[PDB]
Amino acid sequence: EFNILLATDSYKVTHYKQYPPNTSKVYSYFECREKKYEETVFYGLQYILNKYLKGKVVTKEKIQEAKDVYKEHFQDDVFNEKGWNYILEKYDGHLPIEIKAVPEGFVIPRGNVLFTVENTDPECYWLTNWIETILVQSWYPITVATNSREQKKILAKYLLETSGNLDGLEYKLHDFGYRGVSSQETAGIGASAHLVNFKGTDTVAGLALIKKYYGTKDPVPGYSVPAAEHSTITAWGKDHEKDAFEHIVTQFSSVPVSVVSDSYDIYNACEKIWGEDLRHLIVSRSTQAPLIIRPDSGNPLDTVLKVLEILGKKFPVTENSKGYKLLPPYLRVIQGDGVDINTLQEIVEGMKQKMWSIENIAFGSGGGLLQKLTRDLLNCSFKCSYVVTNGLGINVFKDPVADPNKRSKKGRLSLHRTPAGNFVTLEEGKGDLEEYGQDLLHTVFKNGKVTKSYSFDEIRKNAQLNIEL
Amino acid sequence: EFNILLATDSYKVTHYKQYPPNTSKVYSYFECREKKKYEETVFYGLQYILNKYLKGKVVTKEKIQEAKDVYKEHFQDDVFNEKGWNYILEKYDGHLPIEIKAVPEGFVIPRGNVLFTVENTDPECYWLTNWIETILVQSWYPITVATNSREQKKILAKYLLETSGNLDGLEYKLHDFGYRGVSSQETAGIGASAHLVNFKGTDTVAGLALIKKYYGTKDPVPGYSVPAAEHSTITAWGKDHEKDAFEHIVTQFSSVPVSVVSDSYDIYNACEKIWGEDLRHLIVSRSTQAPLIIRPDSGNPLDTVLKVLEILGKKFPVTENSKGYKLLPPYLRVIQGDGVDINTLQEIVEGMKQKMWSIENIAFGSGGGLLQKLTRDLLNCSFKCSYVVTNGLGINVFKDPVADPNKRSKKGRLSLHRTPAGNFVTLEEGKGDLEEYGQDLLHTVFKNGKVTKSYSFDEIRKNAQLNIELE
Ligand SMILES: O=C(NCc1ccc(S(=O)(=O)c2cc(F)cc(F)c2)cc1)c1ccc2cccn2c1
Ligand SMILES: O=C(NCc1ccc(S(=O)(=O)c2cc(F)cc(F)c2)cc1)c1ccc2cccn2c1
C-alpha cells in the first residue's frame, strides 16, 4: 500500500535539519517556467490530491516502515520520526497543508503561478517541500493535455480551411499509447489528459480514472470502434489477405470498422483488394459505418498521399464547397504510425497542398501522444518563494548567474486578471494591495481535505479552443 | 481494484471475431527489433508484470459485468466477449490459460532476438494471447531503462579505467534523480528498479519497495543515498546568508558525506570565495568517508564542470595520480545533476579527460534523462503473432510491409540458442526441434495462472554485469 513517508526524494528526508532555526513557515509555488507552447492546460492535481494526499495518510505502521527503510537506505538514522508522529497525534494523520490552485482546464500563459503550497502548523514547516516530488508529477497530465490541445489547434486550422467547419474535430486524434507508456498508472493519467481535448481513445484505463476522480454527465468520456490488428490479418496466411478483409468487414458491416492494410503491400491492398476485389462490400456501407483504411508503414506523408490518390481513382471522389476533394462517406483513412505534433502538421499541410480535405483522415498517436514528453518541455518547476523565520517573513528565490531562465519568483504570490483580460502573477505579496482585483487561485486543499473540485465536463469547457468558443 | 478485462487496447475487444474460424492456437513473441547504437538489451521487468497483474484469479463475475457495462458505452454497441471470459471463470477459476516462456531476467541479448513468447493452452482461448499484448508490451520500459543505464555505465567504466586505472566507485557514478520527473508513482518504482540493475545510488525511494516485493535481495536494501541540500534549504536563509546556510549544513553532516548545491546565485563565487576561502577550514578537516560533494546545477554542463574543477583545483591541494590525471583531495568531490543524459554524460567525461581531470573527481545525477526521456521505439520493443493452428494445421505467419523491411516480423515457433561461438541466435519455423543448437534458453515463467520460475534481484544483477567487470 502507498506510504507518503516513502514517496519523496531521498535527500528531502534530511532537509528538516537544514532550514534556519525557528522557521515556522515554508511557502512554495509551481509554474511552467517561461523561456512553441506559450500556454498550458492546468490539469491533474485533483487526481493527486484525492489519491495520495487527502485523509489519514499517516499511521504508526507507516512511520515504522519508513524508519526501518531509511536506516538501511542512509546507513544511518536521519529520518524525522518525531515530526511525523506529531502529525499523527495532533491531526489524526491529516497533513497540515494548504494548497491554492487555478481551476482545472484553465489555459494559462507560461511564467504564471499555477499552484502554491504552505504549512498550516508552525511545527510542520518541513512538510511543504516534502511533498514537492509527488506534486511535481502534475507536470505529466499538464504536458499531455497541453500537447494534445496544441495538436487540436493544428487540426482545427486545416479542417476549417479545407472543409469550412469543425464537424468531427473531437475524433481527429485518437489515443493509441496504452502499450507505449511506462505503466498502467501512467496510462490512465495520460489517457485522461488527452480526453480533455478529444473523445477518441483506446486507452481504457483513462475512463475509470475520470469516472472516479472527476466525473461526467455522459456514461463515459471516451469512445472507440471495431478494428483489426496485424495478427487478425496475418493469421489467415500470406495468401489470404482478401479473405481476412472480407470476413472482418462482414463481421462489422453496420458499424464503423478500421482495417490495417499494410501487412504485405499497402498499395496492392488499396488498389486491388479494396478497390477491385472487395469494392462491392465497401460501396454498400452506411455513411454511419464507413470502412476506415489504415496504412501503418513508410514515410507518413508520402504513404497518406499515395493511399488517397489510389482510392481517389477507385472510388467516386467529390469536390466539397471549399474546392477540396472528398472520399465518399463510406470510406475514410486513419494514419496511426509515426504521428507526433510535428509529423501531424506535416501531413495536414501536405494533404492541403494536394487539395485533399482533412475530412478524409484521422490520426492515431501512441508514444508521441503519451510517452515522448518530459518535464523540461514546459519547464514545470516547484520552488520556495517565502519563509517565516524568527517571526519575520522573508522573500526568497534562486537566480543562477549562468542561467536567467532558472530564476524563481519572490515572496507570496497571487494570480490576477489584467485590465486587458490577461493573466498576471503578482509577487512580493503585492496582490494584497488590491490594485489588480481578486486572487484567481482557489483553496483546493486544506488540512487533509479537498476543499474545491471540478467535473471533467467543466474542465473540458475551460480547455476549449478560441475557435470553438 | 485492477481489472484485466479493462487492461487492453479497446480494439482488441473486437478481435475474437476476426481470427480465422477454426483457430485453436495463437502464438506470439516479443523482440527488441533490429533496425537498419544499443546493440544489446537487458531483459528485465516481466516478473513484476506477471506477479502484479497476471497471476491467480484475475477473472470474477463482477469484473466481467463491470467490463460489459463499460464497453457497451465505450463502443455504443455490444461487442464484448462475455462467453470467452465466462469460460475462463468457470473452467479455470479465473486463472489465465496461457503459457509464457522467457529468457532469464538480467540476460543481455543482442537486438533482433526472441525475448519471450506467449500462447494459449486451451483451444477456446485463442483470443487471449493478444488480449494481453498491451500489458506485456509495457515491459519495454524497464527493459529500456535498464539497457540505457547499462550503456551509461559502460561509458563511465571506459573513462574511469583510463583516467584512474581501476573501477572503484563505478556503481555510484550515476545516481537516480528522476522521481519528480517521471509520469507517475508506479512508473517511478519500476524505473528506479531498472536503474538499480546497474548502480546502487538512488533517490527514487519507490524502487526499493518494488524490488523487495517482487524480486528481493540478500542485503536489507538494493539502493542508497546520502544527505544533501536543495535550493530551498539554501535560499530560505536569505540572499545575503548563503555562507551561513553552507556552514550550517556541513556542520549538521560533519561526519557523513554531504552534497551542497552551490549555484543559487553564483556558483563560481561559491566555489572560489565561499568554499574556497571563508569555509575552507570546514572542508579540509573532513574525513575521506565523509566528503563534501559540491553540486553545480546550471549553465552548460561540460563548461560548468570544467570551470568548477579549474576553480577548486586552484583553491585546494590537487595531486596527480599514476595515470597522469588530476585528483581533488579525498574530502572534496563534485556531482553534476543537471541536464544529464547518455549524450551529455559522454561529452562531459571526454572533456574532463581532455583537460587531464580524472573521472574519480565526479559523479553524475540523472533525472528525466534516466527515467523519462525514453520511448518504445528506442529499442523497437514489439510483440507480434508468429504461429497459429487452424483446422489442426499449424501455419507460420508474419507481417512484411513492402515499404519498411525493418518492420518484418519472425516466422513460426521460436527458440533462442547459443551459437558455436558463444553468441545468440533465434531459430524460426520450429527449427529448434531439430536440436542442432543445444537447449532452448527460454524457460517457462508463467503457465495457467501460476508463476513457474522466479529470479532474485541478486541473480539479475549478476546476469547484467559488464564484460569489463568480469575481466
Ligand atoms: O484502430 C485502432 N483502434 C480502433 C479505432 C478505429 C478507428 C478510429 S478513428 O479515429 O477512425 C474513429 C474513432 C471513433 F471514435 C469513431 C469513428 F467513427 C472513427 C479510432 C480507433 C488501433 C490501431 C492500432 C493501434 C495501436 C495501438 C492502439 N491501436 C488502436
Ligand atoms: O543530491 C541529491 N541527492 C543526494 C545525493 C548526494 C550525493 C550523491 S553521490 O552520487 O555523490 C553519492 C551517492 C552515494 F550513494 C554515496 C555517496 F557517498 C555519494 C547522490 C545523491 C539530489 C540533488 C538534486 C535532486 C533532484 C532530484 C533528486 N535530487 C537529489
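In what follows, every chain begins at residue 1, and chains take the letters A, B, ... in the order their sequences are listed. The figures here come from the full heavy-atom set of this structure, side chains too, leaving out hydrogens, waters and symmetry mates.
Of the N and O atoms on the side chains of A:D399 and A:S408, not one donor lies less than 3.5 Å from an acceptor on the other residue. Side-chain atoms of B:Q152 and B:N148 include a donor-acceptor pair closer than 3.5 Å. Between the side chains of A:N129 and A:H15, not a single donor N or O lies within less than 3.5 Å of an accepting N or O. Between the side chains of A:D121 and A:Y91, at least one donor N or O sits under 3.5 Å from an acceptor N or O. A side-chain N or O of A:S381 and one of A:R33 form a donor-acceptor pair less than 3.5 Å apart. Of the N and O atoms on the side chains of B:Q185 and B:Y179, at least one donor lies less than 3.5 Å from an acceptor on the other residue. There is a side-chain donor-acceptor pair under 3.5 Å between B:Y159 and B:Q346. Remark: the B:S149 side chain and the B:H195 side chain contain an N/O donor-acceptor pair separated by less than 3.5 Å.
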inquiry  = Set out, in order, the CA-CA distance, both residues' side-chain angles and the distance that settles side chain to side chain contact (heavy atoms under 4.5 Å, CB included) for B:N321 and B:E360, then state yes or no.
reply    = CA-CA 10 Å; B:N321 67 34; B:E360 295 169 280; 3.1 Å; yes
ask   = Does the side chain to side chain contact (heavy atoms under 4.5 Å, CB included) test come out yes or no for B:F364 and B:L345, once each step is laid out?
value = CA-CA 8 Å; B:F364 297 83; B:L345 180 85; 3.4 Å; yes
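Counting non-hydrogen atoms of other residues, nucleotides and ligands closer than 6.0 Å to NZ of B:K154 gives a total above 12. Counted within 6.0 Å of NZ on B:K307, heavy atoms from surrounding residues, nucleotides or ligands total 12 or fewer; the atom is thus considered open.
For A:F30 and A:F115, the ring centers sit closer than 6.0 Å to each other. Here the two rings, on A:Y386 and A:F397, have centers that are 6.0 Å apart or farther. With ring centers used as reference points, A:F2 lies under 6.0 Å from A:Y52. Here the two rings, on B:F246 and B:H248, have centers that are 6.0 Å apart or farther.
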